Number of protein chains: 2
Amino acid sequence: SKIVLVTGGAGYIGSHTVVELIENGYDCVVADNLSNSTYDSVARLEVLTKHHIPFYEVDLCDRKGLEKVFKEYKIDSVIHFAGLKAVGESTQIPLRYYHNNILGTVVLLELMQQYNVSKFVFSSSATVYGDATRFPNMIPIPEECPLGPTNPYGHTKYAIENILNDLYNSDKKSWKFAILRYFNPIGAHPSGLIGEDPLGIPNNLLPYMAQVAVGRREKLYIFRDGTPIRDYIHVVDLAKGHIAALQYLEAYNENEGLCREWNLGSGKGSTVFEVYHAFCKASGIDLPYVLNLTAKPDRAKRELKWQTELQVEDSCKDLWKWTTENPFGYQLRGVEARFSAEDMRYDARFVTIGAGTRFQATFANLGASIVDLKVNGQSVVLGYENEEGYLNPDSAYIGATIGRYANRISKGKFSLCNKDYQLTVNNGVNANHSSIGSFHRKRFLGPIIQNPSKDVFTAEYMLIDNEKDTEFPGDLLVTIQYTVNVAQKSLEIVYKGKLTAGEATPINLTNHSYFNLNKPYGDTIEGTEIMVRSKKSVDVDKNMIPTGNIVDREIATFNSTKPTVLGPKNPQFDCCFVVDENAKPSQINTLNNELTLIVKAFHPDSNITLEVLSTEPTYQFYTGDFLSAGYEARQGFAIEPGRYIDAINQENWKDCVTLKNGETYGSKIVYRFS
Amino acid sequence: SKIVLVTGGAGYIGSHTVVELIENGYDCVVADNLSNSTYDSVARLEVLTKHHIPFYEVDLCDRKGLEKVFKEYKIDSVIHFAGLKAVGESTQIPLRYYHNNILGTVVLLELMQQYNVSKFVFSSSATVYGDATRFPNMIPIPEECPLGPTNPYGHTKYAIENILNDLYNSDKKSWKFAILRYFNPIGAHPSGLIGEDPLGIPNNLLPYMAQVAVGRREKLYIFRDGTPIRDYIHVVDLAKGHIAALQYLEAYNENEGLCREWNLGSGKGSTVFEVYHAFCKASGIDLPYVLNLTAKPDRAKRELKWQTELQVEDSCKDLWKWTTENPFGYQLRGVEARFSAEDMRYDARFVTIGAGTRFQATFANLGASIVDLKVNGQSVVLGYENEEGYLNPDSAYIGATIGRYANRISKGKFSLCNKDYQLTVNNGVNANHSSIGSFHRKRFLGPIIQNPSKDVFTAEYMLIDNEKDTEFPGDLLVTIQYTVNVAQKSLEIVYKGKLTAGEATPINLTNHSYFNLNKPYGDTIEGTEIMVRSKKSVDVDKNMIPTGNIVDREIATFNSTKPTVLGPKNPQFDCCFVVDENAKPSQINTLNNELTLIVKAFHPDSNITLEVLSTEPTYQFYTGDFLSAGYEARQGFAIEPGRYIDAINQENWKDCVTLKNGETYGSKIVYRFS
Ligand SMILES: NC(=O)c1ccc[n+]([C@@H]2O[C@H](COP(=O)([O-])OP(=O)(O)OC[C@H]3O[C@@H](n4cnc5c(N)ncnc54)[C@H](O)[C@@H]3O)[C@@H](O)[C@H]2O)c1
Ligand SMILES: NC(=O)c1ccc[n+]([C@@H]2O[C@H](COP(=O)([O-])OP(=O)(O)OC[C@H]3O[C@@H](n4cnc5c(N)ncnc54)[C@H](O)[C@@H]3O)[C@@H](O)[C@H]2O)c1
Ligand SMILES: O=c1ccn([C@@H]2O[C@H](COP(=O)(O)OP(=O)(O)O[C@H]3O[C@H](CO)[C@@H](O)[C@H](O)[C@H]3O)[C@@H](O)[C@H]2O)c(=O)[nH]1
Ligand SMILES: O=c1ccn([C@@H]2O[C@H](COP(=O)(O)OP(=O)(O)O[C@H]3O[C@H](CO)[C@@H](O)[C@H](O)[C@H]3O)[C@@H](O)[C@H]2O)c(=O)[nH]1
Ligand SMILES: OC[C@H]1O[C@@H](O)[C@H](O)[C@@H](O)[C@H]1O
Ligand SMILES: OC[C@H]1O[C@@H](O)[C@H](O)[C@@H](O)[C@H]1O
Ligand code: NA
Ligand code: NA
Ligand code: NA
Ligand code: NA
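Residues numbered from 1 in each chain as written, not as in the entry; some residues may be left out. Chains lettered and ligands numbered in written order. Heavy atoms only, no water. Residues with missing side-chain atoms left out of burial classes, pairs and counts.

- The deposited coordinates, according to the entry record, derive from X-ray crystallography at 1.85 Å resolution.

Here you go:
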């Protein structure tokens, strides 16, 4: 797979282009100093594209810092979007524009020269042309229109275009450069997941209109009909233009080079008002309220074989979707993040949703772990300050997503599709919690964080688990959607899994949170009152494997007069409770099943109540008697809804843990506090 | 005095401009990374302009390094010559051109912004115009000709011009910029002391021709008549154009700003051949052997009130002088230098002439000191490894220039011009060696180093000693010319002094070298054989002051059968020998007097002979019995030709040590080894 270095990749256009790149088979690495963006776009892209996107928070002007990228990955090509681009502001702080824009480019190019990277796609701008009307018949603007920027920003782009040409000319066989003159990019990815998030005050017609329609701006000011003209290009069409440029460079010989420029525009001139109207039409709202700059797009069409395919209307609808779904952009009140590994390692973060409220949930990319749950300011689960603790080799699987298969598998073996598999044995004579392939140590993509409604926050993570990398068969795609309802103090966990390749895989995920409802006071779970839905449980042998029988455990149920009180030492549980002793488990996806209340836990000293519910057939209950790795025995209790023990080897339970090609595994767990 | 920061000031044009600046009353500080020059030009400028020129070896791209300048001096204006300028090479290493040229400028400008320095004069180039013939009637080229450089170098100048304009436009009241488009500068300062020293291979018509006429190049290649056209401007006229630009900026209000450009050219187009011929004519030799680029000079003439005043012929003669006087430029075989204080402190160096030969002389700016003398590889004088040793407060004045008045002055007082002076007493009840104003601790200008002929090397230092800074009356200018003849193994020292203000000053300089002719073997001067011209000596009292009488000392003369042998302890001398006991000392300048042999010293174990000669009337002989500061007693012997003891207070000797306004003090000393 070709690796493309995308500078300024967390920004607007760059982010959209990453989508196209990944979709076209390229792998991307993003380098961005976040001067006009946040990492959130990148995190969202991971999920949207179903690919990890290595990210470097770096200023291109920092040679040492940028060199690491070239040392860490074999870069095949670079698309350079990084830069300052506010024309207005450029007139005011020209030195910063030139320093940032020119120096960043030169450093990047010097490293490429050094690392022998020859392919470069540059974000130029129609601003290089200046006022084309200074010439006759220059509208629409051809690539050949003489350059003459009229603002510092344009000046910087013009300088960069010359550096490129000069550089190619200096070693014609070692450089393949595509200079792309963008016109006015507008719009958002149709999914509504990413868009332009102007960190400050929209300088642009569009983002500014949008901020108005959403009350972020009181009113918008309109600055042939009366209105200055532009060529509004859908950011998706623009992004695709980059893929066309890359292929063009790719057509050239290893031994050959080139330097050429292309306008990337629709060729359609738009009347500000015309836009307004398109927008108002799109948003269903009435906002308040150089001559021309239209591209001649013939060269790109003929040479790059590219042309816009979307309309201003599409740009408007798409922008409107992104806007309505994210009125305030990526940054959200009630959402906070911190590093959980090395400074600046963005894919190693602890993100808290419901931050500053009576119900705060922290999740980690690592194991899509539930790092903490705070109810009324009090933490109710066990966890570690950083990834280091989670990564202990003597794991108790605290707060983790367990996958692909929770609990025990007899002797680590199973057969499927008439093929016999052997998993690494790690617990007694069996493989527990999928041993070496445990999700608890795997790093998930994302997250995508939303605040869809008052008091509601969501976090979605994804995991790509390829056959080639595990003892299990098949390429599995997993998604985890966490929904935090602050008003109800509830956490909903929805698992989905699907094979992208392979005939089938055993699957049985869960969350291994360990609760402790009395942290402020108290060295153990002692004092906790427990009641479960029913005593019916999976009978097991000396090796924790099912005997085939179903027996009662001695524990309180919801109808008992008194609850089971957990003492400092006893009672001790480590068993699988059955929801319906009758049930003939047939479903790979329980998402539409009833959300059954399975466990009630209460601590009289903190007065907190926890209820766990699940659409799953069984639930493991464990008193943390064997708690290690930083904790001691009985410091927390686990409740893991799922599918029996060794189901894969059990005649009557195997189908419900067998994910076949074409189907979707689904499971839901809910924790509610009161 | 206004302080001008001259970037690239050790280079060609910059150096010439410094001359003009200092001559026009400005003080200069030079910042240069020496990428295409050596410090030697600066050292020469100090002497030529009679002013110290603080120098910083720094890359303009190094903010921290460059900031020191702004912190160290109050900069009033900046003339920025620093940059890479080889068009040819620019096409080959474009990235370096842009990085160096643009980044250097931006950093400098950002510091100026920060330090509130608003006046800037920029070295632009006619290269910004590109081919003017692309337009009709554009020759001679007006400032208004549209810019369109055709090489990377031009591109960098063009970028810089825009940064400037953009910057001024961004804060119109805080910047005063003069953009100067030079045409083809040629020539050298008429003194022949400074010129262009192309570190590598002349890219230029001129310097290349010169290297040919001097055999540095085998032949030169000629690349309306046939020949490409240019406007060859005398580097001196160019330099003066900068003073005109500065005054123009200076005419503007503190509260006002501006940005404007001027071509600096003669307006005369020159036919390559035409040049050749001018050159051949000038050099009296036959060398082997864009269309147009002539400036329209009207704007500068009208606005800056400046125009060229020299001819191509003058440029040619002047270049020819610099060439003949310095065929190899500033760098010379047999000349070496090292730092004698902090790294990179250029005015604190130890320069060796006659390096690698049988007669090597090292001098320091500090005290214009004779650091070392090596005869046949053996050091024959005492000295220190660095300035630290010379700077010891318990000085023995080792190797120093003594000034303004050597030896003792009764009670430190004297009168002159019917005015009574009091000098700080430092030796017994008298002032010895001018006490606090001693030249031994003063830092001299230069040096100017030449290798005028085979085996001959010269070093010239200068000292500006203002009344305001000393107990003596008057502003004295002193020059020291050292001449090292390797063939003869001789060192000639010529002192000259002149009052630049004031009616008169007492003056009596000398060199306080301490010899030791047997360093390889031997802890003292023991074994040295001495004979002096005559035993006649200045009789002195208990305070080392003359009694008025002349007595014989017990010491061998040249006609004695045996020499005086200096033992480990005795004999001990500390007296003033008289050359001619008869003489009525009347001369302030003895340079034309006979060079009298006064002392013969010989060491049988090293077989070295030293002869000291002088045009001076007397000579102090001292056996270093009171040697301190790192040395012990009798570790070296001094011979200091000069003018009696307390002459200034002695009726019969006072006139010869009284420098009056309008006259020139002169004294010569020679050391010859065999
Ligand atoms: N949006 C437009 O209308 C427009 C028009 C044409 C050309 N362009 C150019 O396209 C590119 C992308 O524009 P955009 O709209 O996505 O802007 P953007 O601000 O969203 O993206 C640019 C990104 O570069 C990053 N960045 C800035 N300086 C950097 C540095 N020194 N090192 C690393 N990262 C740095 C910023 O943080 C930002 O994420 C820019 O070069 C811009 O000039 C944009
Ligand atoms: N000589 C010409 O024909 C010509 C024509 C017009 C314009 N110019 C310009 O005039 C200026 C002076 O030219 P010149 O002939 O004296 O050249 P020069 O090489 O003699 O002088 C330039 C000086 O800048 C110094 N320098 C280079 N980069 C530096 C950096 N980053 N930091 C500090 N010092 C640095 C060099 O060491 C050198 O001493 C340059 O800007 C040149 O482009 C020269
Ligand atoms: O707040 C605003 C801003 C703009 N407009 C008008 O609506 C149009 C949109 O202007 P804007 O969105 O900022 O576009 P441009 O000023 O044309 O500049 C963009 O288009 C350039 C090429 O045209 C790109 O290359 C630049 O990076 C980018 O700033 C113009 O007619 C404006 O006069 C308003 O009415 N209100
Ligand atoms: O080795 C050489 C070099 C040049 N020439 C010719 O003689 C003239 C002199 O050329 P050169 O001295 O290098 O001058 P230019 O090429 O004209 O360039 C200078 O003049 C520019 C403006 O004209 C300045 O601004 C630049 O910094 C500087 O390189 C031209 O006709 C050349 O064709 C030769 O015959 N032999
Ligand atoms: O520490 C992890 C624990 O997880 C439970 O699911 C399991 O039943 C226990 O036996 C122990 O493995
Ligand atoms: O150490 C310096 C010496 O210099 C001599 O000129 C002087 O006569 C000595 O008395 C002593 O001062
Ligand atoms: Na949202
Ligand atoms: Na937030
Ligand atoms: Na010389
Ligand atoms: Na040398």
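A few points about the coordination of the sodium ion (ligand 10)
Put simply, a metal with four donors set out as a tetrahedron has ideal angles of 109.5 degrees, and one with six donors set out as an octahedron has ideal angles of 90 or 180 degrees.
Line of reasoning, step 1. Note on the sodium ion (ligand 10): its protein donors are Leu332 of chain B (O) and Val335 of chain B (O). The metal-donor distances range over 2.3 to 2.4 Å. By the burial criterion, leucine 332 of chain B is buried, and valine 335 of chain B matches it. (Donors = N, O, S within 2.8 Å, 3.2 Å for Na, K, Ca; no water. Buried < 20%, exposed > 50% of the residue type's maximum accessible area, 1.4 Å probe, protein only.)

Observations concerning helix 11 (residues 312-325) of chain A
Residues and elements named next belong to chain A.
Line of reasoning, step 1. For helix 11, spanning 14 residues, the distance from its first C-alpha to its last is 20 Å, which sits close to the expected 20 Å at 1.5 Å a residue.
Line of reasoning, step 2. Every buried residue of helix 11 is listed here: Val312, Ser315, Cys316, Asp318, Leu319, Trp320, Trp322 and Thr323.
Line of reasoning, step 3. Summarising the contacts, the buried residues of helix 11 are in contact with helix 2 (40-49), strand 7 (184-186), helix 7 (205-213), strand 9 (232-234), strand 11 (270-271) and helix 9 (272-283). (Helix = DSSP H or I, 4+ residues; strand = E, 2+ residues; numbered from the N terminus. Expected span 1.5 Å × (residues − 1). Contact = heavy atoms within 4.5 Å.)

Considering the site of ligand 3
Residue and element names in this part refer to chain A.
Line of reasoning, step 1. Lining the immediate environment of ligand 3, one finds 18 residues, of which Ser125, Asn184, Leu205, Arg230 and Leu293 sit closest.
Line of reasoning, step 2. In the environment of ligand 3, an oxygen atom lies 2.5 Å from a nitrogen or oxygen atom belonging to the side chain of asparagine 184.
Line of reasoning, step 3. Within the contact set of ligand 3, a nitrogen atom lies 3.0 Å away from a backbone nitrogen or oxygen of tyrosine 221.
Line of reasoning, step 4. For ligand 3, whose accessible area on its own is 700 Å², the fraction buried by protein is 82%.
Line of reasoning, step 5. For the shell around ligand 3, a count of residues per class yields 13 nonpolar, 4 polar and 1 charged.
Line of reasoning, step 6. Counting the residues that make up the shell around ligand 3, at least three belong to each of domain 1 (1-199 + 224-271 + 291-311) and domain 2 (200-223 + 272-290 + 312-331). (Near = heavy atom within 4 Å. Polar contact = N/O pair within 3.5 Å; in protein donor to acceptor, adjacent residues only side chain to side chain. Areas by Shrake-Rupley, 256 points an atom, 1.4 Å probe, with all protein chains shown as cover. Nonpolar A, V, L, I, M, F, W, Y, C, P; charged D, E, K, R; others polar. Domains from an automatic or database assignment.)

What about the coordination of the sodium ion (ligand 9)?
All names here are of chain B.
Line of reasoning, step 1. For the sodium ion (ligand 9), every protein donor is listed as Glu325 (O), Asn326 (OD1) and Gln450 (OE1), and the spread of their distances is 2.3 to 2.8 Å.
Line of reasoning, step 2. All donors of the sodium ion (ligand 9) come from a single chain, and their spacing in sequence reads E-N-x123-Q.
Line of reasoning, step 3. Judged by relative accessible area, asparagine 326 falls into the buried class, the value being 6%.

Details of the packing of aromatic side chains
Line of reasoning, step 1. For the structure shown, the criterion picks out 69 aromatic pairs over all chains.
Line of reasoning, step 2. When the centroid spacing of 4.4 Å and the interplanar angle of 15° are considered together, the rings of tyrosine 644 of chain A and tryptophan 653 of chain A count as stacked. Like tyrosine 644 of chain A, the residue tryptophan 653 of chain A is buried in the burial classification.
Line of reasoning, step 3. Ring geometry for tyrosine 276 of chain B and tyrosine 289 of chain B: centres 4.8 Å apart, planes at 80°, overall edge-to-face. Of this pair, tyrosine 276 of chain B sits in helix 9 (residues 272-283) while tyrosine 289 of chain B is found in the loop between helix 9 and helix 10 (298-304), placing the two residues 13 residues apart along the sequence.
Line of reasoning, step 4. For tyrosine 289 of chain B, a relative accessible area of 58% translates into the label exposed.
Line of reasoning, step 5. Through a chain of ring-to-ring contacts, three or more aromatic side chains come together here, namely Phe515, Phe573, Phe621, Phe637 and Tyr671 of chain A.
Line of reasoning, step 6. Between the NZ or CZ atom of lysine 600 of chain A and the centre of the ring of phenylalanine 558 of chain A, over which it lies, the distance is 4.5 Å. (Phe/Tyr/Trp six-rings, centres within 6.5 Å; stacked < 30°, edge-to-face > 60°. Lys NZ or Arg CZ within 6 Å of the ring centre and 35° of its normal.)

Overview of the site of ligand 1
Residue and element names in this part refer to chain A.
Line of reasoning, step 1. The environment of ligand 1 is made up of 26 residues, and the closest members are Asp32, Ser37, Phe81, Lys85 and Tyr153.
Line of reasoning, step 2. Here an oxygen atom of ligand 1 and a backbone polar atom of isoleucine 13 are 2.9 Å apart.
Line of reasoning, step 3. Here an oxygen atom of ligand 1 sits 2.7 Å away from a polar atom, N or O, in the side chain of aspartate 32.
Line of reasoning, step 4. For ligand 1, whose free accessible area comes to 810 Å², the fraction covered by protein is 96%.
Line of reasoning, step 5. Where the shell around ligand 1 is concerned, the elements lending two or more residues are helix 1 (12-23), strand 5 (119-125) and helix 6 (152-169).
Line of reasoning, step 6. It is strand 5 that provides the largest number of residues to the shell around ligand 1, a total of 3 residues.
Line of reasoning, step 7. When its residues are assigned to classes, the shell around ligand 1 shows 11 nonpolar, 11 polar and 4 charged.

As for the sheet that holds strand 5 of chain A
Residues and elements named next belong to chain A.
Line of reasoning, step 1. The 7 strands lie next to each other as 3-2-1-4-5-6-10, forming an open sheet whose pairing is parallel. Two strands bound the open sheet, and with one partner strand each, they are strand 3 (55-57) and strand 10 (258-264). Between one strand and the next, the sheet's axes are offset by a mean angle of 15°, whatever the strand orientation.
Line of reasoning, step 2. Relative to strand 4 (residues 77-80), strand 1 (residues 3-7) is paired through 4 bridges, and the arrangement is parallel. (Pairing = 2+ DSSP bridges. Axes fitted to C-alpha atoms, helices over the stretch in contact; angles between N-to-C directions.)

Describing the interface of chain B and chain A
Line of reasoning, step 1. Listed by partner, the interface residues are 19 residues for chain B and 19 residues for chain A.
Line of reasoning, step 2. For the pairing of chain B and chain A, the buried interface totals around 1,900 Å² over both sides, and the portion due to carbon and sulfur atoms is 70%.
Line of reasoning, step 3. In terms of surface lost to chain A, no three residues of chain B exceed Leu95, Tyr98 and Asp166 of chain B, which account for 32% of the buried area on that side.
Line of reasoning, step 4. In this assembly, chain B and chain A are joined by 0 salt bridges.
Line of reasoning, step 5. Seen at the junction of chain B and chain A, the total is 6 residue pairs in polar contact.
Line of reasoning, step 6. Mapped onto the side of chain B that touches chain A, the elements with two or more residues apiece are helix 4 (87-92), helix 5 (94-115) and helix 6 (152-169) of chain B.
Line of reasoning, step 7. The biggest single contributor to the side of chain B that touches chain A is helix 5 of chain B, with 9 residues.
Line of reasoning, step 8. For the side of chain B that touches chain A, the residue count by class is 10 nonpolar, 7 polar and 2 charged. (Buried area = accessible area lost by both parts, 1.4 Å probe. Salt bridge = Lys/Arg side-chain N within 4 Å of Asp/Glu carboxyl O.)

A closer look at the relation of the copies chain B and chain A
Line of reasoning, step 1. If you rotate chain B by 180° and push it 0.0 Å along the axis, it lands on chain A with an RMSD of 0.0 Å. Given the turn and translation reported, the copies of this chain are related as if by a two-fold rotation axis. (Least-squares fit on C-alpha atoms.)

A short note on the pattern of salt bridges
Residues and elements named next belong to chain A.
Line of reasoning, step 1. Counted according to the given criterion, the structure contains 34 salt bridges over all chains.
Line of reasoning, step 2. For the salt bridge of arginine 299 with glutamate 143, the shortest nitrogen-to-oxygen distance reads 3.7 Å. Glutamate 143 matches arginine 299 in its accessibility class, with the two residues each being buried.
Line of reasoning, step 3. One network of salt bridges, in which partners are shared, links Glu143, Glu144, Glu261 and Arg299.

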